[PDB]
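Single-structure report; data block below.
Quick note: the coordinates plus some simple rules give every number you see, no bench work behind them. Cβ placement follows ideal geometry from the backbone for every residue including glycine, while neighbour counts extend to all protein chains displayed.
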Amino acid sequence: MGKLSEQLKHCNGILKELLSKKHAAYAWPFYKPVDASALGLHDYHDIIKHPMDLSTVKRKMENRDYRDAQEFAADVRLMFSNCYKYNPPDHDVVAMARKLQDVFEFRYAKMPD
Ligand SMILES: Cc1nnc(-c2ccccc2OCc2ccccc2)[nH]1
């Protein structure tokens, strides 16, 4: 019934949408932690100090780690920022991040208050 609970329900709804089949064609690079070694990205952890991905956001939501919508939004935006920091801006994965961030920002803006 409380404001923070209602806002976190909205956040959980957004999280479910970002993980849904509707967005899977561009969301899939953000499903799991970047496996830098497996992808040959041996500079990844020198450039990205705070990795973030949607499985980590889901674990934190399930564990009641997020106390408010702003904390949730900070992790989702960190995930996008990491992609924009690491990758040249004309790379495919950046286009995919920008499309998923459009989904995120437009729905986040509909936060109940
Ligand atoms: C998240 C994330 N941020 N950067 C990457 C990434 C960077 C370089 C190479 C692969 C990469 O992720 C796998 C991938 C994505 C798109 C298309 C093909 C592979 N992934």
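Would it be correct to say that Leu39 is within 16 Å of the ligand (Cβ to nearest atom) and either surrounded by 15 or more Cβ atoms within 10 Å (Cβ to Cβ) or more than 22 Å from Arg98 (Cβ to Cβ) (or both)?
No, not satisfied.
Looking at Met79, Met111, which one is of a type in the set (A, V, I, L, M, F, W, C) and closer than 14 Å to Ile14 by Cα?
On the way: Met79 fails: closer than 14 Å to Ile14 by Cα.
Every option except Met111 fails the conditions.
One line per residue, one yes/no per condition, for (1) hydrophobic (A, V, I, L, M, F, W, C); (2) in contact (Cβ under 8 Å) with a residue 24 or more places away in the chain:
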site	(1), (2)
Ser20	no, no
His23	no, yes
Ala38	yes, no
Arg64	no, no
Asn87	no, no
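Suppose the filter is within 16 Å of the ligand (Cβ to nearest atom), in a helix (DSSP H, G or I), basic (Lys, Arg) and surrounded by 12 or more Cβ atoms within 10 Å (Cβ to Cβ); does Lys85 pass it? Break it down stepwise before answering.
On the way: within 16 Å of the ligand (Cβ to nearest atom): yes; in a helix (DSSP H, G or I): yes; basic (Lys, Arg): yes; surrounded by 12 or more Cβ atoms within 10 Å (Cβ to Cβ): no.
It is false that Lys85 is within 16 Å of the ligand (Cβ to nearest atom), in a helix (DSSP H, G or I), basic (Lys, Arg) and surrounded by 12 or more Cβ atoms within 10 Å (Cβ to Cβ).
Quick test of your reading of the structure: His10 fulfils all but one of (1) more than 16 Å from the ligand (Cβ to nearest atom); (2) not in a helix (DSSP H, G or I). Name the failing condition by number.
(2)
Do we find a residue being exposed (fewer than 11 other Cβ atoms within 10 Å of the Cβ) and of a type in the set (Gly, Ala, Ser) anywhere in the range 58-74?
no
For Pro51, which of the numbered conditions (1) touching a helix residue (DSSP H, G or I) at 6+ places or on another chain (Cβ under 9 Å); (2) within 16 Å of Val103 (Cα to Cα) fails to hold?
Single failed check for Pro51: (2).
Here is a check on your reading of the model: is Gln101 surrounded by 14 or more Cβ atoms within 10 Å (Cβ to Cβ), within 15 Å of the chain's Cα centre (by Cα) and either part of a helix (DSSP H, G or I) or within 16 Å of the ligand (Cβ to nearest atom) (or both)? Working first, answer last.
Values: surrounded by 14 or more Cβ atoms within 10 Å (Cβ to Cβ): yes; within 15 Å of the chain's Cα centre (by Cα): yes; either part of a helix (DSSP H, G or I) or within 16 Å of the ligand (Cβ to nearest atom) (or both): yes.
It is true that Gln101 is surrounded by 14 or more Cβ atoms within 10 Å (Cβ to Cβ), within 15 Å of the chain's Cα centre (by Cα) and either part of a helix (DSSP H, G or I) or within 16 Å of the ligand (Cβ to nearest atom) (or both).
List the pairs whose first member sits in the range 89-101 and is more than 11 Å from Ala25 (Cα to Cα), whose second member is part of a helix (DSSP H, G or I) and more than 10 Å from the ligand (Cβ to nearest atom), and whose Cβ atoms are under 7 Å apart, counting only residues at least 6 apart or on separate chains?
From the range 89-101, no pairs qualify.
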